[PDB]
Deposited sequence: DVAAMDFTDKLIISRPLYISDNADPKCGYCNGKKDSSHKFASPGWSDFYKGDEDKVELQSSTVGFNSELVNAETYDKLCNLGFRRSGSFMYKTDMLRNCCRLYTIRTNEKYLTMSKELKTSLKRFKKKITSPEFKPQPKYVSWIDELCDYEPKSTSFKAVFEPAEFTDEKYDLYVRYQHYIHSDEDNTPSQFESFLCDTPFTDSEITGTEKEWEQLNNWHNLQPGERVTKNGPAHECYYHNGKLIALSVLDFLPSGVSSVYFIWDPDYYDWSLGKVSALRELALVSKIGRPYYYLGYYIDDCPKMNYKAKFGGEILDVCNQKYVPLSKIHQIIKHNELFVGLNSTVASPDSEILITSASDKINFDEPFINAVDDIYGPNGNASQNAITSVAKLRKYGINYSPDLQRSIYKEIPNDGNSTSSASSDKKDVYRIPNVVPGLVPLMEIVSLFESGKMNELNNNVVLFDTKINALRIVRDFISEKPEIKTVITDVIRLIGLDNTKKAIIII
């Protein structure tokens, strides 16, 4: 039989759209008029008639029952995040807020005065007066790794991501402190921050794996640690849990899921300290990146991540661009779509699976050429839908000329045009080139009618509902990832 440790096990995709007032927790549907639209072209399209547009908050994704760390690493780098076991992203074209995937590391990090102050006070809180610093440290990372292990009052401990009452009670206090009373029940805390879709080896590990990880301050250059998957890092002050960091270990680095701290410890600045400690952790274990999740330029609860610097995923081009290079042109909630200035004006969405962009050469934001009210994407996708109907895909054309909800619901229907999803024109190419038949003998279905797995053998002969579900999965994660998928229908 089959090796489930190389499988991505997922539900069928969902496209969930609703009024941003109240579904969006970043803007609650309240946008200044200069930030309401994804591009100048769309603001012009509604110039002076902005009321009729009712901002939507929109996500697309799937639940997973199993994903290994390498596959989760690929999803992160496709623009997804996990919320518990649900893998999701926003519809960057229609969403109220423009969410960008961001990663950084110690090479990008500019140690500002604000950040150095947070470390000096952290050191002063945990360090004995007998501690003797070196006259110089190469890096702030080497300074941290000298004094932190020597504190007799402060201990950070990595451990499996398991519920405890103590962790939950701290969570309740913090969520109340930040006024995030999302019912915060025990079950919800467990699902959000303890239960994960990773393998049992990745969740539970071994005693030696945790021991090696917890010795991270002592790693020397070129040394590596075996840990992948989820972890809790517990911060103790004289035995008292004062903070909890929920972290995913990936081959390419560390992803920060959530961070909580005891509100009575406001003057330890634990929010800044923990991100710096994690940036140091990434460096010490010799991995390239620290992932803070989603960056929203106009939302204070998320734009703090810019202080750690780094680069932003261009989902359309599947490449990162340094935030410093584009910060100026996304500070009004714009969708950015890169295009080298030398390249001709494109008459289509950018091709994913096929002259890749180079952000060191000059480039411009081509969002209105492709996805604007007069862009090519919509017509290109309408023609593509008709071509795909001939293969049995149950897509329908999006004939409303505007992408926004105007003021005078099938959760399995994805819009024809979503940035970062495989363009329907490219899906047509997969069918026409025969590439779709590589799904045969590779993609697997879990059939809940029969409570049984089966390997797809002749994909094009499957029922239209099944071919449609699989094709939407391909839109989301690409053909090669879908080939190792088990999809629950």
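Engineer: As a test: can you identify every run of the deposited sequence that has no C-alpha position in this structure, in order?
Structural biologist: Absent from the structure are positions 1 to 3, 358 to 359, 414 to 426.
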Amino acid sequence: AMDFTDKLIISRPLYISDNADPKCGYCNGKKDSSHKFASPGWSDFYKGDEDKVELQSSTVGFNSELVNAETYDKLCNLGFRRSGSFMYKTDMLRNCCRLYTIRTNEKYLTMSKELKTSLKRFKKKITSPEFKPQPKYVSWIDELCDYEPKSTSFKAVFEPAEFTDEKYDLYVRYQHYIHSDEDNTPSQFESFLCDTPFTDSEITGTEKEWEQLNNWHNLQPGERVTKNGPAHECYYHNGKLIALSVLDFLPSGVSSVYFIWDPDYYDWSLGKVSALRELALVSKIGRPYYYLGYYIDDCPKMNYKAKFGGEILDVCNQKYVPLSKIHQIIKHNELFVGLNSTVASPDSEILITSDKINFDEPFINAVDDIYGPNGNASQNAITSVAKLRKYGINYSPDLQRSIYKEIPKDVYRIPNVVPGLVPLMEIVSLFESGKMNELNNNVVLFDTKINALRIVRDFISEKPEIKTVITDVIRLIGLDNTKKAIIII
From here on, numbers count along this sequence of modelled residues.
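Engineer: When the other entries of this protein are compared, is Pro408 unmodelled in at least a third of them?
Structural biologist: In at least a third of the other entries, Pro408 has no coordinates.
Engineer: Quick test of your reading: does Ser153 have no coordinates in a third or more of the other entries compared?
Structural biologist: Looking at the other entries that model residues on either side of it, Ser153 is present in every one.
Engineer: May I ask you to compare 14 to 22 and 477 to 485 by their mean CA B factor in the entry and name the higher one?
Structural biologist: Result: 14 to 22.
Engineer: For the C-alpha atoms alone, is the average B factor greater in 312 to 320 or in 374 to 382, going by the entry?
Structural biologist: According to the entry, 374 to 382 carries the higher average C-alpha B-factor.
Engineer: For the C-alpha B-factor as written in the entry, point me to the maximum among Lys136, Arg277, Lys124, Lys356.
Structural biologist: That would be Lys356.
Engineer: So if I compare the CA B-factors in the entry for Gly271, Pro288, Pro129, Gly84, which one is the largest?
Structural biologist: Highest CA B-factor of the listed options: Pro129.
Engineer: Lowest, middle or highest third: where is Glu406 by Cα B-factor in its chain?
Structural biologist: Highest third - that is where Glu406 ends up once the chain's C-alpha B-factors are sorted.
Engineer: Determine, from the deposited record, the chain-internal third of the Cα B-factor for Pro221: lowest, middle or highest.
Structural biologist: According to the entry, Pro221 has a C-alpha B-factor in the chain's highest third.
Engineer: With respect to C-alpha B-factor, does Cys27 fall in the lowest, middle or highest third of the chain as deposited?
Structural biologist: Its C-alpha B-factor belongs to the highest third of this chain's values.
Engineer: Consider only the C-alpha atoms of the modelled residues in this chain, order them by B-factor as the entry records it, and name the third containing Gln212: lowest, middle or highest.
Structural biologist: Middle third - that is where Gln212 ends up once the chain's C-alpha B-factors are sorted.
Engineer: For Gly420, return the chain-relative third of its C-alpha B-factor as stated in the PDB record: lowest, middle or highest.
Structural biologist: Answer is lowest: the recorded C-alpha B-factor places it there.
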